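# pasting an experimental structure with its sequence.
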Amino acid sequence: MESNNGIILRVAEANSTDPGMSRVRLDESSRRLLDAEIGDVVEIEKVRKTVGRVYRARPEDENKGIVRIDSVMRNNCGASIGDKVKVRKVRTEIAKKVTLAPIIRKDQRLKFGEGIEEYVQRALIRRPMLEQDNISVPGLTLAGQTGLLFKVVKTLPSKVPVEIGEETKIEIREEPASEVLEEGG
């Protein structure tokens, strides 16, 4: 635990545009209570670890203990509206090596090979990454299956929000959503 500074507030969310899964709207006190300035990098942790950026709340008075995020950011950690998550301020860097595990069938999206690891970088390039985070796919799926999302498991940075680049290295695991259902435990 090299550094741990954030606040405990409740995840917010309402009908709106699909984007906003990478921006946090908060108030001066929620962001200034620690040090977060405009456009600093913020990390979130309700059920899992999450990353995001700081934004100015429209209502500079209600956002003194609530964070408005998209359903995807809520899906990234696994919390419900009004839950309790801890958001800690951090900074961004260029991830040099990140591993992830797209949950699909061997014949869904990972049937390319040769440069497929770079293909993940090509799509995810210039993006904030956090081991154990999760991502969404352009509305794709098959029968009545579940998951169909990318789950990151390892990162090279200091486990802090980093932004991917074409030079970032990636790792893809050979055990996608095959026979995986948390049978253990």
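Nice, I can see it. Numbering: from 1, shown residues only.
# residue 99 reaches residue 156, doesn't it?
No - under the criterion of C-beta atoms under 8 Å, residue 99 is not in contact with residue 156, lying 9.1 Å apart. Heads up, the C-betas are built off the backbone N, CA and C, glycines and all.
# can you map out the helices along this structure?
In the chain, helices defined by DSSP state H lie at 28-32, 71-77, 116-124, listed in chain order.
# if you count neighbours, what's buried in stretch 143-159?
For stretch 143-159, the neighbour count (16 or more other C-beta atoms under 10 Å) marks 148-152, 155-157, 159 as buried.
# please disregard the earlier target; I meant stretch 75-90.
Residues 75-77, 79, 85, 87-90 are the ones in stretch 75-90 that count as buried (16+ other C-beta under 10 Å).
# TSV for these, including distance to residue 109?
TSV is the format used below for these (distance: C-beta to C-beta, whole Å):
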residue	distance to residue 109
75	18
76	19
77	23
79	27
85	30
87	31
88	33
89	34
90	30
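# from these, which two are the most distant?
75 and 89 (22.8 Å; C-beta to C-beta).
# any idea how far the residue nearest to residue 51 when sequence neighbours are not counted is from residue 113?
Here the nearest residue to residue 51 in space, its sequence neighbours aside, is residue 161; by C-beta to C-beta, 6 or more residues apart in numbering that works out to 3.6 Å. Look at residue 161 and residue 113: by C-beta to C-beta, to the nearest Å, they are 31 Å apart.
# what of residue 63?
Relative to residue 113, residue 63 is positioned 47 Å away (criterion: C-beta to C-beta).
# can you report how many residues neighbour the nearest residue to residue 158 once chain neighbours are set aside?
Across the structure, with C-beta to C-beta, 6+ apart as the measure, the residue nearest residue 158 apart from its sequence neighbours is residue 2 (6.4 Å). Using other C-beta atoms under 10 Å, the number of residues around residue 2 comes to 6.
# do the same with residue 14
Neighbour count for residue 14, taken as other C-beta under 10 Å: 6.
# go on, residue 32?
11.
# related to what we said a few turns ago, just the helices of the chain: most buried one?
For these, ranked by mean neighbour count under the definition mean count of other C-beta atoms under 10 Å, the leader is helix 71-77 at a mean of 20.
# which residues sit against it?
Contacts made with helix 71-77 from outside it, assessed by C-beta atoms under 8 Å, 6 or more residues apart in numbering, are listed as 11, 13, 20-22, 44-50, 52, 80-81, 85, 133-136, 149.
# show me the domain layout of this structure.
The chain breaks down into these structural domains: 1-92, 93-173 (assignment by curated CATH domains).
# residue 185: which of those domains is closest?
domain 1-92 (15.7 Å).
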